[PDB]
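Only one chain is shown below, in structure tokens, and it's the form deposited in one PDB entry.
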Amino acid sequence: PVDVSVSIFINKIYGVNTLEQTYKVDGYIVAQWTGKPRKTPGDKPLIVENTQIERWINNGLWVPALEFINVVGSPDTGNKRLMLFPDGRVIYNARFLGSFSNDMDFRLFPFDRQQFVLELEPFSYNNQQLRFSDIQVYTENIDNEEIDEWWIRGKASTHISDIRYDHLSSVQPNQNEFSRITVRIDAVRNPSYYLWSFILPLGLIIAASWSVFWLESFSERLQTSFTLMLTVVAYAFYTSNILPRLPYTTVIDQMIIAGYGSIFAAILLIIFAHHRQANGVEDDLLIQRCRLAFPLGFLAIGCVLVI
């Protein structure tokens, strides 16, 4: 086989699309293998820039096509390099930018722990014709974390495995196993803005909706509950415009549903309080002392739903 050493430099990770489960990765890829010796002009190694590699390819130089498995479409290739040492080894350097797909479980959204995966594999050559010797990912771009949306934690996990394709045994007797490189970069979301601007106003609004049982008349309680329901709808429409459009509920979504249920239960209990009188001579006083049990029940509901 042919041994290839891979070095991957990460410049930035951005553009996390939540519905598409994709994200953009910009950086360099370095590939280095060894072939038959050639006589470069002079003792110095010969460097081939962009748009001159194809001349060497047409002349007969061997170079493999290293695609990304999880990239969506084609990467945006910048400058590309091919440096030909006279002892025999060839170094390929290129710059890429593309949308890379992964699973990215977005449940528990403000406190996510999702890793970014770059999968690399030769497009054509199997384990018997092309092996990956080692990969050292240099994700050295680590900076201050308070201005970063994604907190890159730890170091990039690198692994080399063999991938066997079951359909390729129809045309190939024993050589259908491909060498693959997988890169794991674990990241944590910056939770400060969401916690300070979405979770806390939800708590204040839900306590405001708790505050309806301190009124003295049934009519005032009813119109107060309707205005509170309008407030919750307005805040739901406010948070829908900012939060990602993932196809399932997050903590903020369940908190909004909980506030909806709190207002509906408040309406039901105040109506049942008003009409518990036998002939209209009783007062709605015994059951309306749930002002110190409605928030405790809501806190129990929250403690159940968080855990």
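Here, rigid core means the biggest group of C-alpha atoms that superpose within 1.5 Å across both forms. So that there is no doubt, residue numbering starts at 1 and follows the sequence shown.
Keep in mind the form deposited in another entry is missing from the figure; the text below concerns it.
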Would you mind telling me which residue of 252, 273, 258, 243 shifts its Cα by 2 Å or more between this form and the one not shown when the core is superposed? 243
Once both forms sit on the same rigid core, is the C-alpha displacement of residue 19 at or above 2 Å between this form and the one not shown? yes
Following rigid core alignment, is the displacement of the residue 142 C-alpha between this form and the one not shown equal to or greater than 2 angstroms? yes
When you overlay the rigid core, is the Cα of residue 74 off by 2 Å or more between this form and the one not shown? no
Between residue 205 and residue 243, does the Cα distance in that other deposited form come out closer or farther than in this form, changing by 3 Å or more? farther
Would one find the Cα atoms of residue 242 and residue 113 closer or farther in that other deposited form than in this form, where their distance changes by 3 Å or more? closer
